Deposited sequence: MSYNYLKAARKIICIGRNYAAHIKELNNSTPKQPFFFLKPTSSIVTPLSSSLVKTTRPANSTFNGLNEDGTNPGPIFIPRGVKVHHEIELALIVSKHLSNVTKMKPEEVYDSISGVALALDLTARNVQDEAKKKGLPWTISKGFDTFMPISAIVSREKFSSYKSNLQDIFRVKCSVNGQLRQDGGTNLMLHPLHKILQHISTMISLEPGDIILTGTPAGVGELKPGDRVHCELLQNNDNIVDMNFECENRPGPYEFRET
C-alpha cells in the first residue's frame, strides 16, 4: 500500500539525529517536496516526475542530475495521523496514537550543491528536492507493531547497501532526539496534520550514489525484516547541470 503518499501535504525532516559514538548517548529541520517521491519498479517524454498514480505509486529509478554528487541517507519515516499544533509535551506512549504507520525512506542529498549552499548561507531546498530525491516504501501500519504501543523508540533498525555492500546499519535507539520530542518540537513552529510524512534522521555511514548503482535498503522491527526495497540509479535527462 502506497496510498498514503497521496495524502502527504508536507515532508519535514530532522538533521544530524543519530549518535556516532557512545559518549554522545540543537536540532534543525528542512522540507522536501512531495514531487521528489519515487517508488520501487516492482510497486511523458523526458519527464522525471509526472505526479503519483491513482494508488499513490510512482515506480522509477533514482535520477542523478549532471554535475551533482549524491549521498544516500536511509531513514525511518513517520506517517502522522493527527493534527498537532503547539503541543506542550508528548510522552513516548503518544507517538503511537499520532501516527498511522511508518515507512522506509531515503533522504537523497546533493552533497556538493549543499556544500555550496552552506558556504553562502543559501537555502538547502534544491540540494534536497530534486525529483526522486526521496525514494520511499509502502506504509507499515501501526497495527503491525501495536504490541510495542508504549514505546517505539528502540524497536526499529534501518540499513542501506549499495552494489552489495552494507554501508549504513543503525538502530533507532541511537536517535538523539526521540520520536515523541520530534513530533512535539516541530508542532511548536510548523503545525502537523494528518498525512504529513516526517523523516527522523539517518545513522552514520553516508555514501555516494552514481548512475548504474543498485541500492538495497531494509527496515527491521525487533530484528525482523518488514521492509525490503530496491532502487536503480540512472542519469537525469533534461538540461540541468550543476557546476560550481
| property | result |
| --- | --- |
| Unmodelled intervals of the deposited chain, in order | 1, 27-32, 51-57, 259 |
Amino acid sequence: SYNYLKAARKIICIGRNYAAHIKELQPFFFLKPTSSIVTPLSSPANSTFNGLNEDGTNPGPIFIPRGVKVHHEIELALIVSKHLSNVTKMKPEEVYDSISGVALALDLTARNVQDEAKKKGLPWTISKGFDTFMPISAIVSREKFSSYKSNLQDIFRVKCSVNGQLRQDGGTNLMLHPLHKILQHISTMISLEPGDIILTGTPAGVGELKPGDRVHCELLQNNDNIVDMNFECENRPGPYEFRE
From here on, numbers count along this sequence of modelled residues.
query	finding
Of 29-37 and 206-214, the one with larger mean CA B-factor	206-214
Stretch with the higher entry mean CA B-factor, where the candidates are 145-153 and 128-136	145-153
Top Cα B factor in the deposited entry, candidates 86, 165, 173, 112	165
Residue with maximal Cα B-factor (values as given in the PDB entry) among 61, 178, 195, 44	44
Among modelled residues of the same chain, the CA temperature factor third for residue 97	highest
Chain thirds of CA B-factor: placement of residue 75	lowest
Residue 236 - which third its CA temperature factor falls in, relative to the rest of the chain	middle
Third of the chain's Cα B-factor distribution that residue 116 belongs to, per the entry	middle
Residue 66 CA temperature factor, ranked by third within the chain	lowest
